[PDB]
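Each chain, written out:
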Amino acid sequence: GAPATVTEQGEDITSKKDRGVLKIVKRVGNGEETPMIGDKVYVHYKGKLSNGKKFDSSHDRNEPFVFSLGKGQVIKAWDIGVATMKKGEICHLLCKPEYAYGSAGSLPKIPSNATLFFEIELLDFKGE
């Protein structure tokens, strides 16, 4: 399924080249520009564990997830991954634990040492 495919066929987008964050572009976005550091980004997402269980989805809330890019407001894999996206893009992101919740996890749903799968849609980005 999709998690296996991004694991086996995804692009390493880390600057360290450690395969900690893998990406596949699923829907091509608009033009060329990607957000810049500090922009207010609006996304929809769904996340799953490696046991197949969905842990969260913004679609279920009828509102986007909003954060300031490149400021450590989200897990490392998201700062890295969302920075590569075009407006309107949908991607799949595989996040090894060192770029996610590490040994701590996120209690109760995300266990220790968890590799995470996300589908992410970049809705919009704005400077303030």
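Residues numbered from 1 in each chain as written, not as in the entry; some residues may be left out. Heavy atoms only, no water.

Structure determination for the deposited model, as stated in its record, used X-ray crystallography, and the stated resolution is 1.1000 Å.

Labelled according to the PDB entry, the chain appears under the name Peptidyl-prolyl cis-trans isomerase FKBP5, originating from Homo sapiens.

The subject of this paragraph is the overall build of the chain. Along the chain, the regular secondary structure elements total two helices and seven strands. The N-to-C order of helical and strand elements in the chain reads α-β-β-β-β-β-α-β-β. When its C-alpha atoms are laid out on the principal axes, the chain stretches across 35 × 30 × 25 Å. With 128 residues in all, the chain has 45% of them scored as buried. For the chain, long-range pairs separated by at least 24 residues make up 63% of all intrachain contacts whose partners lie at least 6 apart in sequence. Summing over all exposed atoms, the chain offers an accessible surface of approximately 7,200 Å²; the carbon and sulfur share of this is 49%. On the chain, the mean spot of the 19 positive side-chain charges and the mean spot of the 17 negative ones are 4 Å from each other. (Helix = DSSP H or I, 4+ residues; strand = E, 2+ residues; numbered from the N terminus. Buried < 20%, exposed > 50% of the residue type's maximum accessible area, 1.4 Å probe, protein only. Contact = heavy atoms within 4.5 Å. Areas by Shrake-Rupley, 256 points an atom, 1.4 Å probe, with all protein chains shown as cover. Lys, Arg positive; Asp, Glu negative; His and termini not counted. Charge placed at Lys NZ, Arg CZ, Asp CG, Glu CD.)

This brings us to the pattern of salt bridges. Per the stated rule, a full pass over the model turns up six salt bridges. Its salt-bridge partner being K126, residue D124 comes within 3.1 Å of it at the nearest N-O pair. For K126, a relative accessible area of 41% gives the class partly exposed. The network of salt bridges with common partners includes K87, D124 and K126. (Salt bridge = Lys/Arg side-chain N within 4 Å of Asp/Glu carboxyl O.)

The pairing of strand β1 (residues 11–12) with strand β2 (residues 21–27) spans two bridges and is antiparallel. Bridged to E11 within β2 is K23. Note that β2 and strand β6 (residues 90–95) share six bridges and pair antiparallel. Its bridge partner lying in β6, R27 is registered against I90. (Pairing = 2+ DSSP bridges.)

A separate point is the packing of aromatic side chains. Within this structure, the stated rule accounts for eight aromatic pairs. Centre to centre, the rings of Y45 and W78 are 5.3 Å apart; their planes meet at 85°, and the pair counts as edge-to-face. Highlighted residues: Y45 in strand β3 (residues 40–49) and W78 in helix α2 (residues 76–82), separated in sequence by 33 residues. Like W78, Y45 is buried. With 6.0 Å between their ring centres and 55° between their planes, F67 and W78 make a pair best called tilted. You can see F67 sitting in strand β5 (residues 65–68) and its partner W78 sitting in helix α2, a full eleven residues away along the chain. (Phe/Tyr/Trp six-rings, centres within 6.5 Å; stacked < 30°, edge-to-face > 60°.)

This paragraph deals with the environment of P97. Topologically, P97 is positioned in the loop between β6 and β7 (116–126). Separated by 73 residues in sequence, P97 and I24 have C-alpha atoms that sit 18 Å apart. The contacts of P97, once residues within four sequence positions are left out, are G102, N113, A114 and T115.

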